[PDB]
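Note sheet for the following structure.
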Amino acid sequence: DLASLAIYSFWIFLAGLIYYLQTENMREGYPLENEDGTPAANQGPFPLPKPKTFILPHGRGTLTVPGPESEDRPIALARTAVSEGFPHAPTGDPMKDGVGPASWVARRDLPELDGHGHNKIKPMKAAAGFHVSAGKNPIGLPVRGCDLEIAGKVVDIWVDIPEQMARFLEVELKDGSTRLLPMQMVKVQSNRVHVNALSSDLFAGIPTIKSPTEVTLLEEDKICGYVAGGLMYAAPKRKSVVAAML
Amino acid sequence: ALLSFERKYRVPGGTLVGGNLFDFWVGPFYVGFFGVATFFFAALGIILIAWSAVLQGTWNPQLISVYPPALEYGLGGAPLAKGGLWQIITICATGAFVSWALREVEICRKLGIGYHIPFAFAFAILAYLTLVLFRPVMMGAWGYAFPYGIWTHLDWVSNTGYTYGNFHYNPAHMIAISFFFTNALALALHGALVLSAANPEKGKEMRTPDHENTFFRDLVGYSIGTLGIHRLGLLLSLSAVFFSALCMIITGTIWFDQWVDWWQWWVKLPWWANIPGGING
Amino acid sequence: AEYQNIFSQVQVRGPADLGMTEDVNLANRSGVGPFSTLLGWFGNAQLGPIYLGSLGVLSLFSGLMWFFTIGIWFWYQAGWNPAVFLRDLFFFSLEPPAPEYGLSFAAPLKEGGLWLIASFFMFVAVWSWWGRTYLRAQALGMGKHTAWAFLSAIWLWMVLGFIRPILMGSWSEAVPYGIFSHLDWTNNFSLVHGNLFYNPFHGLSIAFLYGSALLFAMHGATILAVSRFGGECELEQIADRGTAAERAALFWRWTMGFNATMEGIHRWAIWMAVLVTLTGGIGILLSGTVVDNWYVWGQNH
Ligand code: BCL
Ligand code: BCL
Ligand code: BCL
Ligand SMILES: CC[C@H]1c2cc3[nH]c4c(c3C)C(=O)[C@H](C(=O)OC)c4c3nc(cc4[nH]c(cc(n2)[C@@H]1C)c(C(C)=O)c4C)[C@@H](C)[C@@H]3CCC(=O)OC/C=C(\C)CCC[C@@H](C)CCC[C@@H](C)CCCC(C)C
Ligand SMILES: COC(C)(C)C/C=C/C(C)=C/C=C/C(C)=C/C=C/C(C)=C\C=C\C=C(C)\C=C\C=C(/C)CC/C=C(\C)CCC=C(C)C
Ligand SMILES: CCCCCCCCCCCC[N+](C)(C)[O-]
Ligand SMILES: [Fe+2]
């Protein structure tokens with residue numbers, strides 16, 4: 001019976017598809033390791049796939065995966081238990097050590113280019129023709145932290161050119177320097193931009209960028225990881241929902 | 001065992017219950033209060049199911065079925081082997097589904113990401129709940145809910161649908177279907193674009209988001225954009241399920257007849273309902 | 001409250017983006033359309049430019065010809081009365097030639113001829129469009145992933161109105177062009193084949209149809225949950241993994257015990273979707289050619 005031969009063959013195929021698919025999704029993070037950083041005994045039923053090489057745009061290089069774990073920097077965490085399966089506590093300040101919800105990856109320290117070879121991200125000031133076309137323009141607004149204190153003011157919008165999307169808010173601090181705040185981590189309100197993730201006193205610590213007109217992937221990550229980390233690590237400094245309604 | 005880049009993330013915190021008591025992992029899984037609450041509900045629920053299997057007299061996965069209380073019982077309890085098990089199992093599934101979401105949230109808090117996932121899942125829980133809890137209640141009987149059984153529930157759909165003729169005519173159902181098809185379409189399209197860009201013709205440099213936009217514009221005159229496509233995928237599938245719940249919550253509560261008849265409201269519109277000709281003329 | 005990134009808070013707009021050139025014949029690319037601040041809240045606000053070579057022109061032409069062929073029949077069925085046209089719009093139907101005509105093109109226009117004509121246009125429209133999805137990718141040096149995935153959809157389409165009808169021996173088997181009628185046809189198809197729920201491939205197609213809604217909700221929610229790290233920049237996250245890709249991967253690993261990679265998730269996605277009409281196409285093709293009653297068939301399996 002064809003129908004039978006068909007449904008039979010399909011399951012073989014499906015199992016192989018899942019197999020193939022699964023192995024493809026192991027081009028990162030594998031082989032698995034034991035909490036102490038050594039090869040974990042069990043690696044699973046699927047074996048690492050044949051490596052593939054990604055020829056990066058603009059001779060930025062090549063990415064070969066799977067390959068050796070690119071992460072080698074120090075992790076400021078200490079084991080909290082002899083047996084595997086438990087948390088590893090921050091040895092210092094997690095926000096600054098870049099661990100936990102505030103982790104960041106050591107991505108390439110160059111800004112991402114678009115199809116035409118121009119920095120994918122630019123401050124509006126420098127984006128020819130770009131302007132706010134709808135919605136409350138955030139620029140000029142005071143930025144408030146979870147502590148309900150002003151941490152600065154928005155001096156510009158960093159735009160993702162290809163996507164014609166707002167990516168960050170450039171916030172000037174009390175000392176006159178600026179920091180980039182992830183657009184999706186700020187709430188643009190009518191009379192101010194609110195940042196629930198961070199308290200005024202933490203804005204200073206947002207990783208800064210090298211060049212004031214571009215941001216690199218490494219910087220992006222460091223800025224994003226840090227701002228997210230605040231949700232957890234700034235909890236004591238954050239005010240209540242009722243305090244915010246005053 | 002951890003991913004080669006995981007350790008730095010396994011920090012304490014994020015739990016919503018029991019401080020650090022359950023804050024830990026078992027292999028790749030995070031436990032947390034809701035990790036145990038889920039295992040509890042899951043096991044108790046699976047146990048009660050195997051039990052019903054016993055009382056039903058079979059171990060065949062294809063045959064095991066747990067029906068809800070017959071219409072007679074309306075909205076009260078019922079003998080474990082005749083409506084009660086299904087009733088406790090439903091609670092065990094709900095508890096397990098809610099606990100699964102709450103577990104996700106804790107995970108969200110520990111990783112510092114948004115709560116979109118468990119939020120989206122909630123829609124599934126709400127759809128299931130619509131079939132098993134809300135519609136039944138509004139109809140006055142757990143009997144109206146579906147049976148937990150690989151095929152019996154398919155039979156349930158068939159019989160429930162045909163109760164109103166061809167369920168295809170349920171307008172809510174049509175919108176839902178459109179969302180499911182549109183979704184699969186969006187999903188294929190999305191997965192295909194990212195891949196076509198990441199895997200250009202052999203020998204070429206990875207394409208860029210500019211190539212993605214350019215490809216779709218050249219093709220269709222529009223590109224929703226990376227953020228948009230995910231917003232869309234989420235909106236599409238969540239809308240599908242939302243309209244699924246809707247198409248059902250109204251069937252048997254505010255609409256009882258053959259759905260095909262519902263469309264008569266349009267045909268009978270006073271200004272043409274009588275013009276001879278056409279199909280309805 | 002926090003902002004869940006569902007709608008952009010502020011829209012930005014730069015000059016119209018004419019996109020990449022690569023090997024694209026810019027002579028066949030129109031000018032930029034207008035900008036929709038509406039769309040802009042959800043995705044790009046920019047409409048156009050669109051590329052329309054010969055294949056594209058052939059496709060739109062046939063496509064419109066198909067559409068209009070149905071339209072004229074509909075108007076005919078309405079007695080050319082706009083009021084009737086509008087009230088019975090969903091009830092009109094351009095049906096294929098009766099079984100009597102088998103796979104012949106002798107059917108009188110009013111009885112299968114128009115349908116045959118409309119189908120010819122549709123056939124050309126769809127296939128020429130497929131070539132286009134291939135050629136547009138080729139001009140940008142991209143993978144043919146779209147063309148291939150489109151085939152899977154084309155597969156179900158071809159099976160329903162061409163392949164199966166032929167195998168069955170008559171155009172009467174095909175699907176009629178009408179909103180409700182095509183639904184009636186679907187229901188009827190199940191009825192006539194012993195309930196499609198017993199079709200294993202129909203069960204699969206549903207698993208993948210649900211799975212697509214399940215997976216896209218997952219993927220979309222994930223990406224949005226890590227967009228605070230630029231997770232939407234998937235191609236970028238693939239070439240240079242970031243905490244966004246790691247946190248997305250770990251959420252799922254910690255939740256269900258396994259995870260994906262920024263690139264691999266799209267492979268799951270493309271197959272989840274492609275399998276929908278792939279299995280489904282098989283389900284249908286087998287119906288009436290090899291299996292007359294799925295309940296019956298199911299009993300011996
Ligand atoms: C003859 C039958 C009738 C008919 C009768 C009905 C009836 C009756 C119903 C539908 C419903 C639906 N119909 Mg219909 N339908 C017909 C023909 C069609 C056609 C078609 C091609 O013709 C299509 C595309 C549809 C499409 C649909 C979907 C929109 C909808 C189901 C999805 C849903 O709600 O999920 C919702 C999501 C869930 C239910 C999942 C919940 C998951 C839970 C939260 C988690 C499970 C965890 C698990 C236990 C753990 C597993 C272990 C792990 C794997 C390890 N119908 C015909 C005409 N249809 C249903 C609907 O609207 O439902 C609300 C419905 O009730
Ligand atoms: C409103 C829609 C109807 C409905 C209509 C249909 C139709 C129509 C079909 C199915 C089919 C299936 N349904 Mg159903 N189904 C409903 C509600 C449910 C619920 C639930 C708790 O609400 C569950 C768990 C299922 C589960 C299933 C799967 C066994 C099966 C194919 C997998 C699939 O589509 O995955 C989508 C999800 C994934 C691919 C992710 C992984 C999910 C895994 C595959 C599901 C495991 C289910 C498991 C066996 C249940 C036992 C759990 C143990 C007791 C712990 N249905 C409601 C009542 N269902 C198909 C089939 O073949 O049925 C025989 C089918 O054709
Ligand atoms: C009473 C009716 C029967 C039934 C009869 C059928 C039949 C008959 C079929 C399905 C099919 C399907 N059924 Mg069913 N089905 C039933 C109940 C269900 C239920 C349920 C109760 O919950 C569910 C979830 C489903 C689900 C499904 C889907 C998995 C599958 C359709 C995929 C699809 O739409 O591709 C849609 C995609 C296409 C049709 C691709 C073709 C598109 C072409 C290429 C593009 C045309 C473009 C065109 C020119 C117009 C251009 C538009 C402009 C650009 C705007 N069925 C009941 C039991 N079902 C289909 C299948 O494969 O089954 C195995 C099918 O044939
Ligand atoms: C809301 C829109 C869509 C969606 C989204 C969605 N689903 C989700 C999520 C999201 C965002 C998750 O985060 C979560 C997940 O973690 O996935 C990996 C999940 C999930 N969606 C799942 C299934 C699923 N989703 C479906 C649908 C959808 N999910 C929608 C299309 C379907 C169907 C029928 O279409 C199914 C089968 C699970 C794999 C997973 C949630 C896992 C979970 O809750 O585990 C806790 C519980 C157990 C391990 C056991 C419970 C056992 C008993 C207590 C009950 C079972 C008895 C009975 C109710 C079952 C009857 C079965 C018969 C009908 C066959
Ligand atoms: C002109 O009037 C004004 C208002 C402008 C416009 C009015 C137009 C209207 C109202 C149009 C309405 C169109 C509708 C309702 C279309 C609906 C289609 C539906 C509901 C479903 C489609 C299913 C179709 C399928 C599965 C078609 C498959 C076709 C093929 C596989 C091709 C078959 C080709 C054949 C038989 C020709 C053989 C030719 C050769 C040699 C290749
Ligand atoms: C009946 C047609 C079946 C088509 C199946 C096509 C699935 C698309 C898979 C995308 C991967 C493509 N590839 C070759 C570039 O790796
Ligand atoms: Fe994606």
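How things are named: the first chain in the structure tokens is A, the next is B, and so on; residues count from 1 in each chain; ligands count from 1 in the order shown.
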* Near-range 159-162 of chain B list (9 Å; only C-alpha atoms; drop same-chain fewer than 6 positions) as a list in words -> residues 144, 168 and 258 of chain B
Output file for the selection above: C-alpha atoms, as a PDB file, in the first residue's frame:
```
ATOM      1  CA  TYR B 144     -19.162  20.050  26.465  1.00  0.00           C
ATOM      2  CA  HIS B 168     -15.928  26.323   7.892  1.00  0.00           C
ATOM      3  CA  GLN B 258     -25.760  25.862  11.311  1.00  0.00           C
TER       4      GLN B 258
END
```
* To do: Find the residues near ligand 7. Use a cut-off of 10 Å, count only C-alpha atoms and all ligand atoms, and write them as a ChimeraX atom specification.
  => /B:187,190-195,226-227,229-231,233 /C:216,219-224,231-235,262-267,269
* Asked: Restricting the calculation to only C-alpha atoms, which member of C:106, C:238, C:248, C:147 is positioned closest to chain A?
  ->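 The shortest atom-to-atom distance to chain A comes from C:238.
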Using 6 Å as the limit and counting only C-alpha atoms, can you tabulate each residue of chain A that touches chain C, with its shortest atom-to-atom distance in Å and the two atoms involved, as JSON lines?
```
{"residue": "A:24", "atom": "CA", "partner": "C:264", "partner_atom": "CA", "distance": 5.8}
{"residue": "A:25", "atom": "CA", "partner": "C:260", "partner_atom": "CA", "distance": 4.8}
{"residue": "A:104", "atom": "CA", "partner": "C:243", "partner_atom": "CA", "distance": 5.3}
{"residue": "A:105", "atom": "CA", "partner": "C:242", "partner_atom": "CA", "distance": 5.3}
{"residue": "A:129", "atom": "CA", "partner": "C:14", "partner_atom": "CA", "distance": 4.9}
{"residue": "A:130", "atom": "CA", "partner": "C:14", "partner_atom": "CA", "distance": 4.0}
{"residue": "A:131", "atom": "CA", "partner": "C:12", "partner_atom": "CA", "distance": 5.5}
{"residue": "A:132", "atom": "CA", "partner": "C:12", "partner_atom": "CA", "distance": 4.4}
{"residue": "A:133", "atom": "CA", "partner": "C:12", "partner_atom": "CA", "distance": 5.2}
{"residue": "A:134", "atom": "CA", "partner": "C:11", "partner_atom": "CA", "distance": 5.0}
{"residue": "A:135", "atom": "CA", "partner": "C:10", "partner_atom": "CA", "distance": 4.7}
{"residue": "A:164", "atom": "CA", "partner": "C:13", "partner_atom": "CA", "distance": 5.7}
{"residue": "A:165", "atom": "CA", "partner": "C:12", "partner_atom": "CA", "distance": 5.9}
{"residue": "A:184", "atom": "CA", "partner": "C:228", "partner_atom": "CA", "distance": 5.3}
{"residue": "A:224", "atom": "CA", "partner": "C:229", "partner_atom": "CA", "distance": 5.2}
```
Could you list the protein, DNA and RNA residues that have any atom within 6 Å of ligand 3, counting only C-alpha atoms and all ligand atoms, and write them as a PDB file with N, CA and C atoms, in the first residue's frame?
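The result, stored in out.pdb:
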```pdb
ATOM      1  N   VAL B 157     -13.738  16.863  17.846  1.00  0.00           N
ATOM      2  CA  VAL B 157     -13.723  18.023  16.975  1.00  0.00           C
ATOM      3  C   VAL B 157     -14.725  17.811  15.847  1.00  0.00           C
ATOM      4  N   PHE B 181      -2.731  29.948   8.390  1.00  0.00           N
ATOM      5  CA  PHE B 181      -2.091  29.831   7.077  1.00  0.00           C
ATOM      6  C   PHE B 181      -1.106  30.970   6.872  1.00  0.00           C
TER       7      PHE B 181
ATOM      8  N   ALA C 153       4.609  24.916  -1.064  1.00  0.00           N
ATOM      9  CA  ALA C 153       3.253  25.457  -1.084  1.00  0.00           C
ATOM     10  C   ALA C 153       2.655  25.152  -2.461  1.00  0.00           C
ATOM     11  N   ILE C 154       3.459  25.357  -3.500  1.00  0.00           N
ATOM     12  CA  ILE C 154       3.027  25.108  -4.863  1.00  0.00           C
ATOM     13  C   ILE C 154       2.589  23.653  -4.987  1.00  0.00           C
ATOM     14  N   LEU C 156       1.114  21.584  -2.783  1.00  0.00           N
ATOM     15  CA  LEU C 156      -0.268  21.365  -2.358  1.00  0.00           C
ATOM     16  C   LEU C 156      -1.223  21.935  -3.414  1.00  0.00           C
ATOM     17  N   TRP C 157      -0.910  23.128  -3.915  1.00  0.00           N
ATOM     18  CA  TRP C 157      -1.712  23.803  -4.941  1.00  0.00           C
ATOM     19  C   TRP C 157      -1.826  22.956  -6.213  1.00  0.00           C
ATOM     20  N   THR C 186     -13.813  21.410   0.231  1.00  0.00           N
ATOM     21  CA  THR C 186     -12.923  20.881   1.253  1.00  0.00           C
ATOM     22  C   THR C 186     -13.679  19.894   2.124  1.00  0.00           C
ATOM     23  N   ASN C 187     -14.793  20.355   2.680  1.00  0.00           N
ATOM     24  CA  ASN C 187     -15.656  19.523   3.516  1.00  0.00           C
ATOM     25  C   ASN C 187     -16.043  18.283   2.725  1.00  0.00           C
ATOM     26  N   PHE C 189     -14.628  16.920   0.234  1.00  0.00           N
ATOM     27  CA  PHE C 189     -13.473  16.062   0.021  1.00  0.00           C
ATOM     28  C   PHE C 189     -13.258  15.142   1.217  1.00  0.00           C
ATOM     29  N   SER C 190     -13.437  15.677   2.420  1.00  0.00           N
ATOM     30  CA  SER C 190     -13.255  14.853   3.603  1.00  0.00           C
ATOM     31  C   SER C 190     -14.353  13.785   3.641  1.00  0.00           C
ATOM     32  N   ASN C 195     -13.472  10.793   6.055  1.00  0.00           N
ATOM     33  CA  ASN C 195     -12.986  11.628   7.144  1.00  0.00           C
ATOM     34  C   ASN C 195     -11.482  11.781   7.074  1.00  0.00           C
ATOM     35  N   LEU C 196     -11.035  12.986   6.751  1.00  0.00           N
ATOM     36  CA  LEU C 196      -9.610  13.233   6.615  1.00  0.00           C
ATOM     37  C   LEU C 196      -8.816  13.169   7.918  1.00  0.00           C
ATOM     38  N   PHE C 197      -9.488  13.193   9.059  1.00  0.00           N
ATOM     39  CA  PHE C 197      -8.767  13.100  10.318  1.00  0.00           C
ATOM     40  C   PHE C 197      -8.019  11.775  10.396  1.00  0.00           C
ATOM     41  N   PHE C 201      -1.265  11.778   6.899  1.00  0.00           N
ATOM     42  CA  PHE C 201      -0.622  12.980   6.392  1.00  0.00           C
ATOM     43  C   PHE C 201      -1.414  14.245   6.694  1.00  0.00           C
ATOM     44  N   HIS C 202      -2.707  14.099   6.954  1.00  0.00           N
ATOM     45  CA  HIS C 202      -3.518  15.259   7.296  1.00  0.00           C
ATOM     46  C   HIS C 202      -3.227  15.533   8.764  1.00  0.00           C
ATOM     47  N   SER C 205       0.262  17.289   8.695  1.00  0.00           N
ATOM     48  CA  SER C 205       0.100  18.645   8.209  1.00  0.00           C
ATOM     49  C   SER C 205      -0.458  19.552   9.304  1.00  0.00           C
ATOM     50  N   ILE C 206      -1.300  19.003  10.167  1.00  0.00           N
ATOM     51  CA  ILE C 206      -1.878  19.781  11.255  1.00  0.00           C
ATOM     52  C   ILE C 206      -0.851  19.972  12.365  1.00  0.00           C
ATOM     53  N   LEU C 209       1.160  22.621  11.153  1.00  0.00           N
ATOM     54  CA  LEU C 209       0.419  23.863  11.060  1.00  0.00           C
ATOM     55  C   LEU C 209       0.282  24.461  12.446  1.00  0.00           C
ATOM     56  N   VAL C 276       4.228  21.588   6.441  1.00  0.00           N
ATOM     57  CA  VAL C 276       2.774  21.758   6.434  1.00  0.00           C
ATOM     58  C   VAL C 276       2.155  21.299   5.125  1.00  0.00           C
ATOM     59  N   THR C 277       2.462  22.012   4.042  1.00  0.00           N
ATOM     60  CA  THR C 277       1.924  21.688   2.722  1.00  0.00           C
ATOM     61  C   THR C 277       2.635  20.524   2.050  1.00  0.00           C
ATOM     62  N   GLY C 280       0.799  17.607   3.787  1.00  0.00           N
ATOM     63  CA  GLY C 280      -0.548  17.807   3.292  1.00  0.00           C
ATOM     64  C   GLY C 280      -0.723  17.480   1.819  1.00  0.00           C
ATOM     65  N   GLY C 281       0.249  17.862   1.001  1.00  0.00           N
ATOM     66  CA  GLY C 281       0.160  17.586  -0.419  1.00  0.00           C
ATOM     67  C   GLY C 281       0.126  16.096  -0.668  1.00  0.00           C
ATOM     68  N   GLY C 283      -0.872  13.910   1.582  1.00  0.00           N
ATOM     69  CA  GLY C 283      -2.150  13.468   2.100  1.00  0.00           C
ATOM     70  C   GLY C 283      -3.223  13.498   1.028  1.00  0.00           C
ATOM     71  N   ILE C 284      -3.352  14.645   0.378  1.00  0.00           N
ATOM     72  CA  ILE C 284      -4.340  14.810  -0.665  1.00  0.00           C
ATOM     73  C   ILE C 284      -4.083  13.929  -1.883  1.00  0.00           C
TER      74      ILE C 284
END
```
Please tabulate, as CSV, the residues of chain A that come within 12 Å of ligand 6, each with its closest pair of atoms and the distance in Å to one decimal, counting only C-alpha atoms and all ligand atoms and ordering rows by chain, then residue number upward.
```
residue,atom,partner,partner_atom_place_in_ligand_line,distance
A:17,CA,ligand 6,9 (C),10.6
A:20,CA,ligand 6,16 (O),11.4
A:21,CA,ligand 6,11 (C),10.8
A:24,CA,ligand 6,16 (O),11.7
```
* To do: Return as JSON, numbers by chain the residues belonging to chain B that are within 10 Å of chain A, counting only C-alpha atoms.
  => {"B": [1, 2, 3, 4, 5, 6, 7, 8, 9, 10, 11, 12, 13, 14, 20, 22, 23, 24, 25, 26, 27, 28, 29, 30, 31, 108, 109, 110, 111, 112, 113, 114, 198, 199, 200, 202, 203, 204, 205, 206, 207, 208, 209, 210, 211, 212, 213, 223, 224, 225, 226, 227, 228]}
* Compare B:77, B:252, B:118, B:84 by their minimum atom-to-atom distance to chain C, counting only C-alpha atoms, and give me the closest one. =>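 When distances to chain C are compared using only C-alpha atoms, the smallest one comes from B:118.
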Sorted per-residue table, chain B near ligand 2, closest atoms and distance, 8 Å, only C-alpha atoms and all ligand atoms, as a tab-separated table:
```
residue	atom	partner	partner_atom_place_in_ligand_line	distance
B:42	CA	ligand 2	55 (C)	7.0
B:45	CA	ligand 2	54 (C)	7.6
B:46	CA	ligand 2	54 (C)	5.5
B:49	CA	ligand 2	54 (C)	6.9
B:93	CA	ligand 2	21 (C)	7.3
B:125	CA	ligand 2	22 (O)	8.0
B:127	CA	ligand 2	1 (C)	7.6
B:128	CA	ligand 2	22 (O)	4.9
B:131	CA	ligand 2	58 (C)	6.8
B:146	CA	ligand 2	58 (C)	5.9
B:147	CA	ligand 2	58 (C)	7.8
B:148	CA	ligand 2	21 (C)	7.7
B:149	CA	ligand 2	50 (C)	7.8
B:150	CA	ligand 2	64 (C)	5.0
B:151	CA	ligand 2	64 (C)	5.3
B:153	CA	ligand 2	58 (C)	5.9
B:154	CA	ligand 2	8 (C)	5.6
B:156	CA	ligand 2	58 (C)	7.7
B:157	CA	ligand 2	3 (C)	6.5
B:244	CA	ligand 2	1 (C)	7.1
```
* Name the closest residue to residue 76 in chain C among the candidates C:89, C:191, C:107, C:135; distances are taken between atoms, counting only C-alpha atoms. => C:89
* Please identify which residues in range 133-172 of chain A DSSP calls strand (DSSP E) from the backbone, and express them as a ChimeraX atom specification. => /A:133-134,142-145,150-160,165-172
Would you put the residues from that selection into a file with C-alpha atoms, as a short mmCIF file (atom, residue, chain, number, x, y, z; two decimals), in the first residue's frame?
```
data_model
loop_
_atom_site.label_atom_id
_atom_site.label_comp_id
_atom_site.auth_asym_id
_atom_site.auth_seq_id
_atom_site.Cartn_x
_atom_site.Cartn_y
_atom_site.Cartn_z
CA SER A 133 8.59 60.60 11.33
CA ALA A 134 5.98 59.65 13.94
CA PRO A 142 15.00 64.10 30.76
CA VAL A 143 15.81 60.49 31.54
CA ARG A 144 14.52 59.14 34.84
CA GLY A 145 15.86 56.04 36.58
CA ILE A 150 16.86 62.24 36.80
CA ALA A 151 19.92 60.57 35.36
CA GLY A 152 20.28 62.75 32.29
CA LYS A 153 18.63 63.97 29.13
CA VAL A 154 18.23 62.53 25.64
CA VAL A 155 20.57 64.31 23.28
CA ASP A 156 20.07 62.10 20.21
CA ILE A 157 18.61 58.93 18.72
CA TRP A 158 20.91 56.28 17.31
CA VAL A 159 19.34 54.92 14.16
CA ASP A 160 19.73 51.57 12.45
CA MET A 165 14.73 51.85 13.10
CA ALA A 166 15.64 53.59 16.35
CA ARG A 167 18.15 51.41 18.20
CA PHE A 168 19.44 53.44 21.14
CA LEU A 169 18.91 56.73 22.90
CA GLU A 170 22.00 58.86 23.48
CA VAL A 171 21.66 60.18 27.03
CA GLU A 172 23.79 63.00 28.33
#
```
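Omitting residue 75 in chain C and its sequence neighbours fewer than 3 positions away, and counting only C-alpha atoms, the residues within 12 Å are residues 277, 278 and 279 of chain B; 68, 69, 70, 71, 72, 78, 79, 80, 81, 82, 83, 84, 85, 86, 87, 88, 89, 91, 92, 93 and 94 of chain C.
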Store the residues picked out above, limited to N, CA and C atoms, as a short mmCIF file (atom, residue, chain, number, x, y, z; two decimals), in the first residue's frame.
```cif
data_model
loop_
_atom_site.label_atom_id
_atom_site.label_comp_id
_atom_site.auth_asym_id
_atom_site.auth_seq_id
_atom_site.Cartn_x
_atom_site.Cartn_y
_atom_site.Cartn_z
N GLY B 277 -32.07 36.78 -9.21
CA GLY B 277 -30.81 36.51 -9.89
C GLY B 277 -29.72 36.07 -8.94
N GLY B 278 -28.52 35.92 -9.47
CA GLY B 278 -27.41 35.50 -8.63
C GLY B 278 -27.60 34.11 -8.04
N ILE B 279 -26.97 33.88 -6.90
CA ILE B 279 -27.07 32.58 -6.24
C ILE B 279 -28.25 32.54 -5.28
N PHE C 68 -9.61 38.10 -13.02
CA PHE C 68 -10.68 38.67 -13.83
C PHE C 68 -11.56 37.63 -14.51
N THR C 69 -10.97 36.52 -14.96
CA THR C 69 -11.76 35.48 -15.59
C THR C 69 -12.82 35.03 -14.59
N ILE C 70 -12.43 34.88 -13.33
CA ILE C 70 -13.36 34.49 -12.28
C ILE C 70 -14.34 35.63 -12.11
N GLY C 71 -13.82 36.85 -12.09
CA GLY C 71 -14.65 38.03 -11.93
C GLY C 71 -15.76 38.17 -12.95
N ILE C 72 -15.45 37.98 -14.23
CA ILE C 72 -16.47 38.11 -15.26
C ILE C 72 -17.54 37.04 -15.09
N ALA C 78 -24.16 37.08 -11.70
CA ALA C 78 -24.92 38.09 -10.98
C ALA C 78 -25.92 38.78 -11.88
N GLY C 79 -25.85 38.47 -13.17
CA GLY C 79 -26.74 39.10 -14.12
C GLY C 79 -26.25 40.51 -14.31
N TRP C 80 -24.96 40.71 -14.06
CA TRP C 80 -24.34 42.01 -14.20
C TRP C 80 -24.98 43.05 -13.29
N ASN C 81 -25.59 42.60 -12.20
CA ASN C 81 -26.23 43.49 -11.24
C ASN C 81 -25.33 43.71 -10.02
N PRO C 82 -24.65 44.87 -9.96
CA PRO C 82 -23.75 45.19 -8.85
C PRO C 82 -24.28 44.83 -7.47
N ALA C 83 -25.57 45.03 -7.25
CA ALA C 83 -26.16 44.71 -5.96
C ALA C 83 -26.08 43.22 -5.69
N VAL C 84 -26.43 42.41 -6.69
CA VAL C 84 -26.39 40.96 -6.56
C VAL C 84 -24.94 40.50 -6.49
N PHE C 85 -24.08 41.13 -7.27
CA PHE C 85 -22.67 40.80 -7.27
C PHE C 85 -22.14 40.88 -5.84
N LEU C 86 -22.48 41.96 -5.15
CA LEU C 86 -22.01 42.16 -3.79
C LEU C 86 -22.66 41.27 -2.73
N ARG C 87 -23.96 41.04 -2.82
CA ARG C 87 -24.58 40.19 -1.81
C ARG C 87 -24.25 38.70 -1.95
N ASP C 88 -24.03 38.22 -3.17
CA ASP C 88 -23.74 36.81 -3.36
C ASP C 88 -22.27 36.57 -3.71
N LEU C 89 -21.45 37.60 -3.51
CA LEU C 89 -20.02 37.51 -3.82
C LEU C 89 -19.37 36.22 -3.34
N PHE C 91 -20.92 33.47 -2.62
CA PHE C 91 -21.64 32.31 -3.11
C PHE C 91 -21.34 31.97 -4.57
N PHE C 92 -20.86 32.94 -5.33
CA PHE C 92 -20.53 32.68 -6.73
C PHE C 92 -19.41 31.67 -6.76
N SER C 93 -19.29 30.98 -7.89
CA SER C 93 -18.26 29.97 -8.04
C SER C 93 -18.07 29.66 -9.51
N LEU C 94 -16.82 29.49 -9.91
CA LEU C 94 -16.50 29.13 -11.28
C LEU C 94 -16.09 27.69 -11.10
#
```
* Asked: Quick one: residues within 9 Å of ligand 5, with only C-alpha atoms and all ligand atoms, as a ChimeraX atom specification?
  -> /C:66-75,85-86,89-94,96,103,105,115-124,126,154-166,171,174-183
* For chain C, the nearest of the candidates B:134, B:129, B:35, B:143, counting only C-alpha atoms ->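 Closest residue, counting only C-alpha atoms: B:35.
Each of B:175, B:75, B:137, B:120 was compared to chain C using only C-alpha atoms, and B:120 turns out to be the nearest.
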* To do: Please give me, as number ranges by chain, the residues lying within 7 Å of ligand 4 when counting only C-alpha atoms and all ligand atoms.
  => B: 38, 41-42, 45-46, 89-90, 92-93, 96-97, 100-101, 117-124, 147-150, 153, 237-238, 241; C: 207, 210-211, 213-215, 217-218, 221, 255-256
* Counting only C-alpha atoms and all ligand atoms, the option among B:165, B:136, B:270, B:68 closest to ligand 1 ->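 Closest to ligand 1, using only C-alpha atoms and all ligand atoms: B:165.
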